[PDB]
Amino acid sequence: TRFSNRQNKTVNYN
Amino acid sequence: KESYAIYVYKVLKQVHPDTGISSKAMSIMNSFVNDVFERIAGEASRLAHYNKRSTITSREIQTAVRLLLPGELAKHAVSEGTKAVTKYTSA
Amino acid sequence: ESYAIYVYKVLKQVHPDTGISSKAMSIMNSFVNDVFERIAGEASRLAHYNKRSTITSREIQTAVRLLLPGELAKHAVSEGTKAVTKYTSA
Amino acid sequence: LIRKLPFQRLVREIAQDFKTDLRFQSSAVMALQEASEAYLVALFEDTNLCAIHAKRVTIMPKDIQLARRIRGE
Amino acid sequence: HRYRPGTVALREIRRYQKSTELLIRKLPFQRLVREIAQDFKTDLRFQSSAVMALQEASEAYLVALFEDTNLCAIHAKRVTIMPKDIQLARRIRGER
Amino acid sequence: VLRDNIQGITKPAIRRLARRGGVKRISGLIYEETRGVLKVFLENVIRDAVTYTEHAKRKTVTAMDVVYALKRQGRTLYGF
Amino acid sequence: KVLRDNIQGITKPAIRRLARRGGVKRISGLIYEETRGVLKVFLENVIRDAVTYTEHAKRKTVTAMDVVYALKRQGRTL
Amino acid sequence: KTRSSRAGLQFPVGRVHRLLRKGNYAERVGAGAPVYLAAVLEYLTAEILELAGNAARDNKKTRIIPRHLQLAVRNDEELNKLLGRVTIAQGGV
Amino acid sequence: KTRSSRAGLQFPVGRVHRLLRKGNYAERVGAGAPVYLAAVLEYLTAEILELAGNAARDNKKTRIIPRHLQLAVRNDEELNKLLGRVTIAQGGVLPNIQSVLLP
DNA sequence: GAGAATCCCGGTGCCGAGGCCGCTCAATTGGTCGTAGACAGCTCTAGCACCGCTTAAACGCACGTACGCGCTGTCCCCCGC
DNA sequence: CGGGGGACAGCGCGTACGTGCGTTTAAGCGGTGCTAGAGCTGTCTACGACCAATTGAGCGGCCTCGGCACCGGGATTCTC
């Protein structure tokens, strides 16, 4: 709901 | 005592309410919040002194953040600040 | 405004034969302002940490020990002590 | 990774050199461990970069001296 | 005759260390900065002294990088400077 | 063309600088590499200087603005 | 009981573990004594300022907050 | 309504407005400045927390922990390069 | 008489005090602070000026010039540590060579 | 051994440095008012030292191999004119 | 453009580093026990801030003289 403006690289942290 | 953890909880629930947070991480957020605050404020102050100004305004912080902050984060944050102060002032 | 007059005073005290290029004096003028800012910054930080309203000799005295390397610091600090004591008596 | 008891005994030794009488919060010791580990690991990554640039698998003390000069100094 | 390679280099190194002038050509630098600044604003009527300060800053920064990378090259035990030594230098300096 | 001016900082000028750097022997690659490094560095500093300049809302950039830009980059230059 | 811990406390296996964390493949047997020295210097640098912070508080005890002040400015420069 | 809720912001504008005085940063402060400050503070923390939430979620943990923060911080080059001198206690490499 | 001469110092104590208040570094200043500062400043300036004078005399100039200042600071390890991030226009570099480069 | 480069010596120009004078602003002096800091006391807790016990880690030695170092030969490039 | 030197690759050899194994050692954790100083509170006095007046020094401008730099010639020193 606190949306994020930047468009950024998707990450997998698993 | 004078701490943001409740505000961290607010935005945490606002951003990822499926995630808890360790008190350690919460403290790191508090340390982080204080660090960025003193960074932007100290800059804006010294800019105001450089401009011979006894007052700090939206422009000073809007300039300082554009100085401190990476280019995307800057214009995104700047837009967020201008939107917010627009809502505040229009209210 | 400038320190050049005082720069000349100290210069003639230490090397009365010599002169200086105004370029070099401008270098000194920038340098003294730099060190003055740096020391004042540390004084502010110390005062803020200790919730003090004021800067005293104690604050600058300790801060110098943080800026300077220890031998230069020892000279600076003892000279400052002598200066402030002479001001206190005179 | 590094052992709190030896580490803190070293820390107290060095403090004893400056003050000659101290007390320490355990949180201070923890913080010093975290700082020292992070600093050392970073310096290791640098010195490894140096060693591979010299086409060695072993790091050498020369690589430490060089890395410390170039980054630190 | 021809002086053997490096003796010229050594004596010019000694000259340039002992001398103190700006080594980069003046107008080329003035133009270069004029262009790259223009990406950020339509027109800046630069104070020339500001250009001079930029010239000094750039010279100092480059020469520092050059001596660092030369230290890298000698650690390699080459004497030819290679771009990889620059990349390493910037990496270790944390500039990359 | 001023882009070509980044090439227009000539090979022998770079050589002169390298001699002040004390370096003995240099490969042909280094010139473009250093041109890139310089471009990045200078672009950053001027970006900061112009940010000051526009905050003062005047068309003139000053040396003082450059000094502040370097200072916030984290490096200091005297004589101004 | 003749040995003294301050050097010895930092010891080959722990250094090896730090190197492995640092991704190092292999190490000369000489390295450890360099790193101990460097560590001493690094430690020496920070703790001196923490002492002086503690002096300005006139307290006998050194807190993590004093450490944070010394470590903050010194870490950013280094 | 409160200044924060007037701005829609989730941070203590009154505190920071006070802090701007309390830190001597200037003897005067203009009403938008603490508001504008609060807006960017909220934005900044949201960006990092979003990444850290993914890190916890990816690690199958509800708890955000220094590891998850550190992993997030180092994965964005901008945050990482912004935070290049910040060190995370108990944040592994 | 002037506070500087009451202390016995050349640097302008009144200037220092004004600059401290202008810089608002704290709400208040104790009267000893500006004199102690002026003292340490004067000491530092004398100390560096000795080395610059020495360099100028070795160049057998009477006028000190920026080169002499650079050579002074880069000779003193203490000043150099104090000034490691500081750069001097027209200062050049301290002449030095890695012996392995020599023939 | 010879040639090229570097240094020293002398003269002249050009400007900057140093000094003088007068004016204006800052610094100094004195008094008043309040608050911040200093001083003292009390209570709480965290820090320090040592023992008890388990277990894991560290140390020392031997065995093996792999990596580093040095040598040699060829080729390209960069340096010098 | 030409020539020479450095760079690169490949090969051999020896030593050092890594791994395994066993035994020793100290860390890690918990508990014992106490005292110091940490922190907080209250009170009082000194010190600085503020205001006003006066005086002297510093700043700015101008002038004069000396120092430094540049140019030319000859001798010394290094290099092939």
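Our numbering is plain: 1 for the first residue shown, then up by one each step along the chain.
Backbone N, Cα and C atoms are what each Cβ position is placed from, and that goes for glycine too.
Among the features that Swiss-Prot reports, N6-(2-hydroxyisobutyryl)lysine is placed at E:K18, E:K41 (among others). The annotation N6-glutaryllysine is assigned in Swiss-Prot to E:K18, E:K77 (among others) on the grounds of similarity to another entry. Sequence annotations record features per position, and here Swiss-Prot assigns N6-succinyllysine to E:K18, E:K41, E:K84 based on similarity to another entry. The feature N6-methyllysine is assigned by Swiss-Prot to E:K26 (among others), with similarity to another entry given as support. The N6-acetyllysine annotation in Swiss-Prot covers E:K41 (among others), and the record cites similarity to another entry as its basis. According to Swiss-Prot, the feature phosphothreonine maps to E:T42, E:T69, an assignment based on similarity to another entry. Annotation source Swiss-Prot lists phosphoserine at E:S48 (among others), citing similarity to another entry. Taken from Swiss-Prot, the feature S-palmitoyl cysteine applies to E:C72.
Features as recorded by Swiss-Prot, highlighted on the structure.
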| residue | record | contacts (Cβ under 8 Å, 6+ apart) |
| --- | --- | --- |
| E:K18 | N6-(2-hydroxyisobutyryl)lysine | none |
| E:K26 | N6-methyllysine | E:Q55 |
| E:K41 | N6-(2-hydroxyisobutyryl)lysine | none |
| E:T42 | phosphothreonine | none |
| E:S48 | phosphoserine | none |
| E:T69 | phosphothreonine | E:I81, E:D85, E:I86, E:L88, E:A89 |
| E:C72 | S-palmitoyl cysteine | E:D85, E:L88, E:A89 |
| E:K77 | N6-glutaryllysine | none |
| E:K84 | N6-succinyllysine | none |
- Against chain I, with Cβ pairs under 8 Å, which of the modified residues E:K18, E:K41, E:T42, E:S48, E:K84 show up? Give them in sequence order, please. E:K18
- Task: Against chain F, with Cβ pairs under 8 Å, which of the recorded positions E:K18, E:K41, E:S48, E:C72, E:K77 show up? Give them in sequence order, please.
- Result: E:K41
